[PDB]
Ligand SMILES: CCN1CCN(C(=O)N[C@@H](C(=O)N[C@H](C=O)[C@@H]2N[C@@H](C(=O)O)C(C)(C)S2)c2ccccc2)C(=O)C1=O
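Taking the form deposited without the ligand, here's one chain by itself in structure tokens.
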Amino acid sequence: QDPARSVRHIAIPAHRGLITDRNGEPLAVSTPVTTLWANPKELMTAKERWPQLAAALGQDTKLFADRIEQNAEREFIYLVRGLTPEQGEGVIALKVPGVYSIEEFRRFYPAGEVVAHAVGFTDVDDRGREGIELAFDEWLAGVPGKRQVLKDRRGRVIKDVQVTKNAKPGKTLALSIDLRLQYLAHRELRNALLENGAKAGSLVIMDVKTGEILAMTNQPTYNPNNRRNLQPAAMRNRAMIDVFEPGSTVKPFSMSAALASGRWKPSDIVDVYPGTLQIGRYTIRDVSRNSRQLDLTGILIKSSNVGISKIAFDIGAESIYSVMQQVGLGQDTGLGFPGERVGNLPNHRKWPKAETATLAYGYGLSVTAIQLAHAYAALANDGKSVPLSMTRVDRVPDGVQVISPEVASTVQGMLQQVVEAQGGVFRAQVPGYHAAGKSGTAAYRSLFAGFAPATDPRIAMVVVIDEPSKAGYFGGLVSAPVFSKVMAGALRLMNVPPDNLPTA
């Protein structure tokens, strides 16, 4: 016979660590629940109790009975996982022979859909599946304990023996996300999609000095507390997973290389007439073709592919590739989110003219919205690229000085003109502040990337609107007004003073 007594092991689930926003607002909270297990050998002695037990478990009478009967020779099965503690005590109070309980936890997400992708969610086993819950799973999960119970020959629990290993609680995590800014970004991106009839979109806000991600929202979104019917489209963390060719939004990096070469200054003029440039078989074409001479700021205002290409041929692709690589376009962010996409930054030993030109005006490389925002953050932070963080930064790390402060300041002023000057991106203007930025077109994505205050930058932001299909309230670039609204609120939520003084 089997021994009259045996010492069996039961895991002790650990309490998963609290996730908060940067201000301590709870974002993911472990909630006590009760799991019930049973010894079928004992249940088989108390069959008249089964229907009441099945009812208390929310299970069908006959499906429940079938399950016990088919497991009659086992000494352990789960009856139900994750009942409320109240529902649990109700089941336990039936006093059915062979019914036992385990204290576990399940997550609740107080901000729900507002921060769905960034926070992510746990699986049925309380394990991180998406977002920060996934990226920091080991930190948040801790380590289960193990305890021993004395059982008899038929698996009846006689008593607790001891705990052999205590559970190590999961550890707390404060995100860089500011829920105040995340709500503003979530609301405005949702409104922009509705008014533009768009498929999807993303918005990222970064602190340019600290590398912190202050907001990251995508549409569609979902309620992580109720995923019954959640469609895969909604679950996608587009800001980190969708790659696209950034188009004219990378011209400022080409310009930074031009100004660093020693060969170009902002007042220089390039003749871009007639809005095309033939290089062998290939023709470089501007979208708008109403220009002849443009200064360097003009090339940006007009999104002149021709103009930036002539500059690129003069300075060489290598110098542009170097800046783009160093600011992180097509490069690992270091954020450690499994499944994050890196995109691609093409390299060559001998750069063909077509590849040089297209790199310079943003085709042939592919990036994510996070990378684009980090790149603009370096430009905004006087050329210093601080590593990205999704967690609160108290001690600011050194950044790599990727662009000289002087070149960065010059480009900031050019991008301020892109927003402010006649012919520029009118609806990107941020009332009460000077803002700086650049539009582009990634079945298209509308892109806007920028920062503010333009003369002393604090915040960088990228807006991506995927496949707009309906006319919005304002004309012009679809993503521009979203930048305007979100930047206006974010700057004020952060108490950033206006930089548009009357000449002081």
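Note that residue numbering begins at 1 and tracks the sequence as displayed. Between two forms, the rigid core is the largest collection of C-alphas that superpose within 1.5 Å.
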- prompt: Checking the other entries of this protein that model its neighbours, is residue 36 missing in at least a third?
  reply: no
- prompt: How about residue 473: is it missing in a third or more of the other compared entries?
  reply: yes
- prompt: What is the count, as a class, of unmodelled deposited residues between residue 442 and residue 443: none, 1 to 3, 4 to 9, or 10 or more?
  reply: 10 or more
field: Between the two ranges 413-421 and 241-249, the one averaging a larger CA B factor in the entry
entry: 413-421
- line: For 307-315 versus 124-132, entry-based mean Cα B-factors point to 124-132
task: Would you mind finding, among 374, 341, 302, 154, the residue with the largest C-alpha temperature factor in the entry?
output: 154
field: Out of 140, 294, 149, 378, residue topping the C-alpha B-factor column of the entry
entry: 149
- request: Relative to the other modelled residues of the same chain, rank the CA B-factor of residue 145 and answer lowest, middle or highest third.
  value: highest
- request: Ordered by C-alpha B-factor within the chain, which third holds residue 232? Give me lowest, middle or highest, please.
  value: highest
message: Using only modelled residues of the chain, where does the Cα B factor of residue 451 rank: lowest third, middle third or highest third?
response: lowest
task: Relative to the other modelled residues of the same chain, rank the CA B-factor of residue 285 and answer lowest, middle or highest third.
output: middle
task: Determine, from the deposited record, the chain-internal third of the Cα B-factor for residue 485: lowest, middle or highest.
output: lowest
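Another form, the form deposited with the ligand bound, is not on view; read the next lines as being about it.
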query: With the partner removed from view, which of 354-362, 168-176, 145-153, 118-126 is the stretch that lies within 4.5 Å of the ligand in the bound PDB entry, judged by heavy atom distances?
result: 354-362
Residue 441, heavy atom within 4.5 angstroms of the ligand in the bound PDB entry: yes
- prompt: Could you tell me if residue 224 has a non-hydrogen atom within 4.5 Å of the ligand in the bound PDB entry?
  reply: no
- prompt: Might residue 330 be said to contact the ligand in the bound PDB entry, defining contact as any heavy atom within 4.5 Å?
  reply: no
- prompt: Heavy atoms within 4.5 Å of the ligand in the bound PDB entry: does residue 282 have any?
  reply: yes
task: Sort through 163, 287, 400, 233 and report the residue having a heavy atom within 4.5 Å of the ligand in the bound PDB entry.
output: 287
field: Partner-contacting position among 58, 475, 32, 26 - heavy atom within 4.5 Å of the ligand in the bound PDB entry
entry: 475
field: Interface residues of 291-326 toward the ligand, as seen in the bound PDB entry [heavy atoms, 4.5 Å]
entry: 303, 305
- line: The mover among 354, 200, 92, 345 between this form and the one not shown, judged by a CA shift of 2 Å or more on the rigid core, is 92
message: Taking the rigid core as the reference frame, tell me whether residue 27 has a CA displacement of 2 angstroms or more between this form and the one not shown.
response: no
- request: Align both forms on the core first, then report whether residue 459 has a C-alpha shift of 2 Å or more between this form and the one not shown.
  value: no
- request: Over in the other structure, so in the bound PDB entry, do residue 471 and residue 184 pull closer or drift farther apart at the C-alpha level? The difference is 3 angstroms or more.
  value: farther
message: Closer or farther: how do the Cα atoms of residue 475 and residue 376 compare in the bound PDB entry versus the shown form, where the change is at least 3 Å?
response: closer
